[PDB]
Amino acid sequence: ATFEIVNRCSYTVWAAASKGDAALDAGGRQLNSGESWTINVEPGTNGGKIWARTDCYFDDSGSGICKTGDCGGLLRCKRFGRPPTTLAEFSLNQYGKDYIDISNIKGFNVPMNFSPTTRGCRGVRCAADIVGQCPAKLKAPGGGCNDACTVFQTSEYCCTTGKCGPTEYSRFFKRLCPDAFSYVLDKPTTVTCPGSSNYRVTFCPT
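With mature numbering (1 follows the signal peptide of the UniProt record, and there is no 0), the residue at position 82 of the sequence shown is 82, and numbering never jumps.
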């Protein structure tokens, strides 16, 4: 499948693409305002994620640091990124279907639209001002709005027993972005698309 990743933000972001134990395509790249990056993702890929990173510094060897979404100090991510990170999530070619979603389970840094560029399903978006409205205890100094699991490390926020309910904090994310996951056992906002669809991820869509 092909993904086109577009930065519509007025600031630079460093895009990242990983399946947790490996890069997808090159794994990461700088995107100035308006730039597009096209990647290829192997059919059958289960548990892929795309995210933006903010305020990065890299040397010539591709080693450095980002304020949100850092993946072990690398430009080309092999692993998932440090919260807070708005996440585009996908599993492809699973018994003839693709499954996509946006998640706030690991917090929010940048607004996002995740849409098919082929026919047969709809897209999803979280584009509200979550950082501006973020509750004081969840604000990250580096930028962004952390989830409650990352901050407080309780069984209820992290859903460690497989039983948990919504919380004051999960309800904040859900109020601003109904079409994204707000906690592990949220009613699913997953979209089912035809197998082998192609997609576009747009940062700062509005």
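Even for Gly, the Cβ is constructed at its ideal location relative to N, Cα and C.
Locate the alpha helix (DSSP H) running through residue i, then write down its first and last residues.
i: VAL151; result: 148 to 152
i: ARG82; result: It is not in any alpha helix (DSSP H) - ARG82 carries neither H nor E in the DSSP assignment.
i: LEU176; result: 168 to 176
i: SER155; result: 155 to 158
DSSP puts residue i in a beta bridge; with which residues?
i: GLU42; result: For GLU42, which the question treats as bridged, DSSP gives no partner whatsoever.
i: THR192; result: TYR99
i: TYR11; result: Answer is none; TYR11 lacks a bridge partner.
i: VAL184; result: Note: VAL184 sits in no beta bridge, so no partner.
i: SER197; result: Note: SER197 sits in no beta bridge, so no partner.
i: residue 235; result: The requested residue 235 is not part of the displayed model; the chain covers only 1 to 206.
i: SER36; result: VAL6
From residue i to residue j, what does the alpha carbon distance come to, in whole angstroms?
i: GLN30; j: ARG171; result: 33 Å
i: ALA1; j: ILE65; result: 30 Å
i: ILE100; j: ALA148; result: 23 Å
i: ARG8; j: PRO205; result: 6 Å
i: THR161; j: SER155; result: 7 Å
i: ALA23; j: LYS174; result: 30 Å
i: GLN133; j: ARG76; result: 32 Å
i: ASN46; j: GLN94; result: 8 Å
i: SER103; j: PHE90; result: 11 Å
i: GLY27; j: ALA136; result: 33 Å
i: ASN40; j: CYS159; result: 34 Å
i: residue 265; j: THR68; result: Given that the chain is displayed from residue 1 to residue 206, the structure contains no residue 265 and the question cannot be resolved.
i: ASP21; j: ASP129; result: 32 Å
i: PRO83; j: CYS193; result: 28 Å
i: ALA17; j: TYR11; result: 19 Å
Residue range of the beta strand (DSSP E) that residue i falls in?
i: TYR57; result: 48 to 58
i: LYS67; result: 64 to 68
i: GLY132; result: Looking at the DSSP string, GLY132 is not in any beta strand (DSSP E); the run it does join, the alpha helix (DSSP H), is 130 to 133.
i: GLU89; result: 87 to 94
i: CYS126; result: 124 to 126
i: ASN113; result: 112 to 116
i: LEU138; result: It is not in any beta strand (DSSP E) - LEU138 carries neither H nor E in the DSSP assignment.
From the options, pick the residue whose C-alpha is nearest to that of residue i; which is it?
i: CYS145; options: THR118, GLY72, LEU176; result: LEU176
i: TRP37; options: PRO111, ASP98, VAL13, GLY107; result: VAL13
i: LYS163; options: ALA140, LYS49, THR85, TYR183; result: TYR183
i: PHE152; options: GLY165, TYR169, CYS121; result: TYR169
i: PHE181; options: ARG125, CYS121, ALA15; result: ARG125
i: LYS97; options: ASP186, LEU74, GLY44, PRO188; result: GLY44
i: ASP186; options: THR167, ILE130, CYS71, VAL131; result: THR167
i: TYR57; options: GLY73, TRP51, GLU42; result: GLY73
i: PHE114; options: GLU35, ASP70, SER10, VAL191; result: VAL191
My guess is that residue i and residue j are in contact by the Cβ rule of under 8 Å, so how many angstroms apart are they, rounded?
i: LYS49; j: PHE3; result: Not quite, the Cβ-Cβ distance comes to about 11 Å (not below 8 Å), so this is no contact.
i: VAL110; j: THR202; result: Not really, about 10 Å apart at Cβ, beyond 8 Å.
i: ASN198; j: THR117; result: 5 Å
i: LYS106; j: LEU92; result: Not quite, the Cβ-Cβ distance comes to about 21 Å (not below 8 Å), so this is no contact.
Does any residue of chain B have a CB that is nearer than 9 Å to the CB of residue i?
i: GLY96; result: Among the chains of the structure shown, chain B does not appear; only one protein chain is present.
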